[PDB]
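Every number here is computed from the coordinates shown, using simple stated rules; none is lab data. Note: ideal-geometry Cβ built from the backbone for every residue, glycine included; neighbour counts use all protein chains shown.
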Amino acid sequence: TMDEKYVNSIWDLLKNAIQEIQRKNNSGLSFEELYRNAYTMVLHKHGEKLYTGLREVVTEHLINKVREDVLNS
Amino acid sequence: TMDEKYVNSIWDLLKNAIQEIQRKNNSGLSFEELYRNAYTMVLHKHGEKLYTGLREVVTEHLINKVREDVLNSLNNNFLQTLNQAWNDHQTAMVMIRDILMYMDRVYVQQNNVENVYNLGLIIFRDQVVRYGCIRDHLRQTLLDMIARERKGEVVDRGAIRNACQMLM
Amino acid sequence: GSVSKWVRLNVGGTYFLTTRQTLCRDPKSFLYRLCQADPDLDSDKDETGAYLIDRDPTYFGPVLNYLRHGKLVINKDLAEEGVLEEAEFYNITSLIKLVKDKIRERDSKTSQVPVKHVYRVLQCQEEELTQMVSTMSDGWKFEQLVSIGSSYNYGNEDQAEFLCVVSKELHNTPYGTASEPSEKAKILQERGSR
Amino acid sequence: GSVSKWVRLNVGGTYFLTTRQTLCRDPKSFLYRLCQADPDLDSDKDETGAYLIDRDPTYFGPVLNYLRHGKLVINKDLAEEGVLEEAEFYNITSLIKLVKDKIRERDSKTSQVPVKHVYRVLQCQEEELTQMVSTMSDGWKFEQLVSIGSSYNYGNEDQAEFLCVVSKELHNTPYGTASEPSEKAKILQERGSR
Amino acid sequence: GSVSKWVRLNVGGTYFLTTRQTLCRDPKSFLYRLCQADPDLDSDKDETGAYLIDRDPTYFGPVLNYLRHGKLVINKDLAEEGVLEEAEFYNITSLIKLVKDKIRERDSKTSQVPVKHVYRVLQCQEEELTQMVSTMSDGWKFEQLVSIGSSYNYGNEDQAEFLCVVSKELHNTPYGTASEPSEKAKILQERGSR
Amino acid sequence: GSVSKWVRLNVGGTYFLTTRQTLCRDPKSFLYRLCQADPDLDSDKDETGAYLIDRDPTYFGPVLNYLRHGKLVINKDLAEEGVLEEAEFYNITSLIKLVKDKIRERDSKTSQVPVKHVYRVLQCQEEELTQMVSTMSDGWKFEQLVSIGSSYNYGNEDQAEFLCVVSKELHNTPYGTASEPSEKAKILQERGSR
Amino acid sequence: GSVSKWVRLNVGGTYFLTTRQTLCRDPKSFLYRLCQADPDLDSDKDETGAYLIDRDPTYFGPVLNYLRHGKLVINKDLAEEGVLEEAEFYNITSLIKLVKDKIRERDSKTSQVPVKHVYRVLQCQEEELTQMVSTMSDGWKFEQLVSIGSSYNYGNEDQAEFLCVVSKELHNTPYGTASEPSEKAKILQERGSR
């Protein structure tokens, strides 16, 4: 349910894994772990936090990876 | 059970090489042999002897090096000698820690005793910063520099900070 | 080498020679990551030209997967944990529920772990007895027979003379479902309860 | 590497020096073709030239022994299911007759999942148990034995004193019904119904 | 030992070629030393050069799979107790909990191997007897019925009619975490004992 | 180097190290010709050593154990039939007989379905049943105690008051020396019939 | 050349590098005697400095497992008897003890095939019945409950009213089917017999 004591650590680890995927890295990441992380962090009605983090992280990926390669060549 | 005679026989060379490592020397020994030998005796519950041997060699090295160098040094670089002796102690303790993790993970936990890193830190605290003569030397010297610094006089603040960090 | 269209995946150490194309299907699978050469890799060897596969084929097989050549499915002796984790690696909550139901089917038909068993009491008197004992319903198993105290015909041959407690092991439902939305059924259940 | 009688086999990434005949017992197997030389052999590598195989298995062993001696392999932890699953795949031609029993035996086990036990009531006077108990038929197991009174002398020393109840499994394959087009058998069953 | 992206462990004389990164999951396990190519752990072999670990490969399997893909899969042909011991050797608390859960599932499934097994006795007469035999819980197995002497008439329709001993195969939890009493619970137990 | 005083065998492509004399414990075995230094070999290689033995190494284990210390080993994963095949390959007659006994013991329980279970009935009173069950015979399982209705000597405290039926499964080989009785055995059987 | 702090030992075909300390579990063990060079040993593998001894590594498996880990767990698929044979050849009384304990555990686990199974009888009153079945000891399975006549206090609610019969798969013997007797125990058994 609603409690913020554990959400921070799993949240930062999840966003780090999302970026690693963005940084072309799944050879060290297990999809089951990240999937379970997303599920437990969703079902506790923190889905607004995922909606925000998702939006910002896709924008960040577009800037950090897509925009650089678009402009550099 | 297994006969302990040759275990102790090789344990003597093991402790001698441990003391060599304590002096920051690894150019006259095989690190693989020390690692394997030290790791092996832990499985079969000789870790009490290993713990005591490490304790005594650490204590002897501390007494014969750190206290002697601290007492031989004069003030206004008494902090420098103390700091470098502490750094050598920490380097030796880290290199010793590199030898042993299994005992530092299984034996100390199952015996519920102090880790050799923490045990050696306790020995250093008891023999340097809580030992009377060295403690009072350090205290009066630090008091003197922090008095003189407020006068605009030139003192090295890094050493004072480092000594306080050792203290806490 | 593994920098060309062919690669040698070190699956359990074993060199599997395979095209990059058969392994590049989508990034959902782990393997797509290994065959696709990219920076920031630490799963590759340049001493022999091979992309390592850290998973030995010992539960790389029972993975529930489609679209290539192999095999899958939990058996009646295949581990539940492995199939469950391999299903969760393929996402969907419906997939999780269906795989759990499949495990409950394979464990509940014999009724072990779901431990699902059905029991009945057949009131039969003596002459009838060997009848339903011999003419028992197949798929069932007799468990106990107990006489009844009687006040007619010297305590033998009453209109109620024996309870044959029979049973059978099987899932009532292999999904382990319960609860009905029909309110009239609930009304009738409560009516027959008293 | 065919440079002598011994050739290189790739399992676990390791290269094993195996003779031709350990790979060759019939033209159907996959290990045979590696002892035949042709310019289409694309299993060559740049390390030593060893020939790569998928094998890093868990059930190839006893059934390779089966290939090498031709007797189906059942273990105390791997029954006729193990035959029925692996010994079929390694393509031993003699198994087709054998696995049928493995199929029936397997069925004979899976047929008891909806437990099918023949249940029999045998009335015995007390003095009459131990004989027919000690001479119980093979595959017939004792299951229950219930006392009963009688009109005369409370039941003891009378033929109506005990009812043994025994059961036997089926070796039958699973069924849904039994039917034969003989009408007179149905006439006899109906006549004996009353 | 020899420097490579992977590492080759001599686990019980058996070469485990696994990547160094999958061994960095638990520094709190002995493996994370074995992966050091720098003189933090130095070990070699006078035949290959592999690092030496005096831990079995018997139960190293499931633990290594748990390290590789995050979930343990104890093969249902090896002692879960051995897997728990291997988990203890690397003292991974989550892995300890998982293997203990597996052992609990075993003990619930193997309650007839001497481990936890719960039993009860209900009291009912025939009217309610049929009802609660029919409405017997899923998991609780009927084991015996018995009549009790009825002061009313000679038999049925007395409140003291039938005891119903029933059972359930219950999980045995490995000790050190379960069956830990409490002070007020013991006070109430002493109160109710008389 | 094949033999100087020790012999390196290649059993089915698997290298094993032993000595001439361990095989020479039984000088009638097939390995006798292989181990001894003689040009009778029809399969050997001196390019890298070791005679070629194209046979099961999986079922060579128990046979070599008997060859070394005269004792058969019956593993749970071992097909007793398969080790019988290997033993007859290596001509160990007593091992053949013992493994045949093992095969038939396993079949009388597992593959022939559990059959010929021995059942016995024992008269006991309370004072006798308590320690009889307490002193229950080795390899025997209690099956059912029943209280016989009694009018003589009350219905309690009577030497004939309880019947305890017990059993012992026969995972037993049928006698190959002659499970068919002789003429005088049948004479005594018909004498004891009535 | 052939001996160091560690030692290479060729049990079977394979070579294990193990410390001389680990190989000895008692100074009467043959392995320890083989650790140091003896003038009696002639045949050895001087190719790699590893002594040649002739035993199966599969039963060396649990032996080395106990030697390295200090606890013996024999796999459910491997013969504990093979482990015992390995121990008896290597002359390790400690291993004799564990194999004995494991064999007792297995005989408990195999207490369905003929091997001793403990059975016990308890008294209970109608009131006490629920308690002592409920408070029936863990590790024991309830087997039977029998009602009896009441020699005191009417026909029901008697201190001697119901006989419960329970059992334990583990045998009561100190070891297996035969334990080394003691004479004073027989003296007291004769004393209590009369």
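If you check C:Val146 against the conditions, is it out of contact with any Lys or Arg (no Cβ under 7 Å at 6 or more places or on another chain) and either free of Cβ contacts under 8 Å to residues at least 60 places away in the same chain or among the aromatic types (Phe, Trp, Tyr) (or both)? Working first, answer last.
Working: out of contact with any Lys or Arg (no Cβ under 7 Å at 6 or more places or on another chain): yes; either free of Cβ contacts under 8 Å to residues at least 60 places away in the same chain or among the aromatic types (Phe, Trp, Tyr) (or both): yes.
For C:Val146, the condition - out of contact with any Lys or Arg (no Cβ under 7 Å at 6 or more places or on another chain) and either free of Cβ contacts under 8 Å to residues at least 60 places away in the same chain or among the aromatic types (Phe, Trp, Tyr) (or both) - is met.
Name the residues in segment C:123-145 that are touching a helix residue (DSSP H, G or I) at 6+ places or on another chain (Cβ under 9 Å) and surrounded by 20 or more Cβ atoms within 10 Å (Cβ to Cβ), would you? It would help to see each step written out before you state the result.
From segment C:123-145, those touching a helix residue (DSSP H, G or I) at 6+ places or on another chain (Cβ under 9 Å) are C:123-124, C:142, C:145; that's our starting set.
The answer is C:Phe142, C:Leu145.
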Open item on the list: For segment C:37-59, which positions are outside any strand (DSSP E or B) and either in contact (Cβ under 8 Å) with a residue 60 or more places away in the chain or more than 8 Å from chain A (Cβ to nearest Cβ) (or both)?
Closed with: C:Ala37, C:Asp46, C:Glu47, C:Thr48, C:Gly49, C:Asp54, C:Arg55, C:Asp56, C:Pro57, C:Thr58, C:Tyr59
Open item on the list: I'm told E:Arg120 meets every condition in (1) buried (at least 16 other Cβ atoms within 10 Å of the Cβ); (2) in contact (Cβ under 8 Å) with a residue 40 or more places away in the chain except one. Can you identify the failing condition by its number?
Closed with: (1)
TODO: Would you point out the residue of segment B:65-98, among those that are within 14 Å of the chain's Cα centre (by Cα) and among the β-branched types (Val, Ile, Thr), that is surrounded by the fewest Cβ atoms within 10 Å (Cβ to Cβ)?
DONE: B:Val94
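Suppose the filter is small (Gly, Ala, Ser), more than 14 Å from chain D (Cβ to nearest Cβ) and within 19 Å of E:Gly70 (Cα to Cα); does C:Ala79 pass it?
Working: small (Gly, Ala, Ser): yes; more than 14 Å from chain D (Cβ to nearest Cβ): no; within 19 Å of E:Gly70 (Cα to Cα): yes.
Judged against the criteria, C:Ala79 is not a match.
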Task: Residues (more than 9 Å from every other protein chain (Cβ to nearest Cβ), more than 21 Å from B:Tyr107 (Cα to Cα) and aliphatic (A, V, I, L, M)) located in segment E:10-36 - done: E:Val11, E:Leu23
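So, in segment D:10-36, how many residues would count as being part of a strand (DSSP E or B) and touching a residue at least 24 places away in the same chain (Cβ under 8 Å)?
In the first step, residues of segment D:10-36 are kept if they are part of a strand (DSSP E or B); the result is D:10-11, D:14-18.
Applying the additional criterion that residues be touching a residue at least 24 places away in the same chain (Cβ under 8 Å) yields D:10-11, D:15.
Matching residues across segment D:10-36 total 3.
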Open item on the list: Whether any residue in segment B:80-91 is under 28 Å from B:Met166 (Cα atoms) and charged (D, E, K, R) is what I want to check.
Closed with: yes
Open item on the list: Of everything in segment B:80-117, what is part of a helix (DSSP H, G or I), over 18 Å from B:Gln22 (Cβ atoms), more than 12 Å from chain E (Cβ to nearest Cβ) and free of Cβ contacts under 8 Å to residues at least 40 places away in the same chain? Give them in sequence order.
Closed with: B:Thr81
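Which of the residues belonging to segment G:146-172 are of a type outside the set (D, E, K, R), closer than 30 Å to G:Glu105 by Cα and touching a helix residue (DSSP H, G or I) at 6+ places or on another chain (Cβ under 8 Å)?
In the first step, residues of segment G:146-172 are kept if they are of a type outside the set (D, E, K, R); the result is G:146-156, G:159-160, G:162-167, G:170-172.
Checking the rest, the ones that are also closer than 30 Å to G:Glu105 by Cα come to G:163-167, G:170-172.
Residues satisfying the conditions are G:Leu163, G:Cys164, G:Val165, G:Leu170, G:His171.
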Open item on the list: Given the options F:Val7, F:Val63, F:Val73, name the one that is assigned to a loop (DSSP other than H, G, I, E, B), closer than 29 Å to G:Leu41 by Cα and either facing another protein chain (nearest Cβ under 7 Å) or without any contact (Cβ under 8 Å) to a residue 60 or more places away in the chain (or both).
Closed with: F:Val73
Open item on the list: Which residue is surrounded by the most Cβ atoms within 10 Å (Cβ to Cβ), if the candidates are limited to segment A:2-27 and must be among the β-branched types (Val, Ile, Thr) and within 19 Å of C:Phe30 (Cβ to Cβ)?
Closed with: A:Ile18
TODO: Inspect all residues belonging to segment F:167-184 and state whether any of them is buried (at least 17 other Cβ atoms within 10 Å of the Cβ), within 26 Å of D:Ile148 (Cα to Cα) and out of contact with any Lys or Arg (no Cβ under 9 Å at 6 or more places or on another chain).
DONE: no
- [ ] Restricting attention to segment C:11-53, report how many residues are more than 33 Å from the chain's Cα centre (by Cα) and of a type in the set (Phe, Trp, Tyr).
- [x] 2
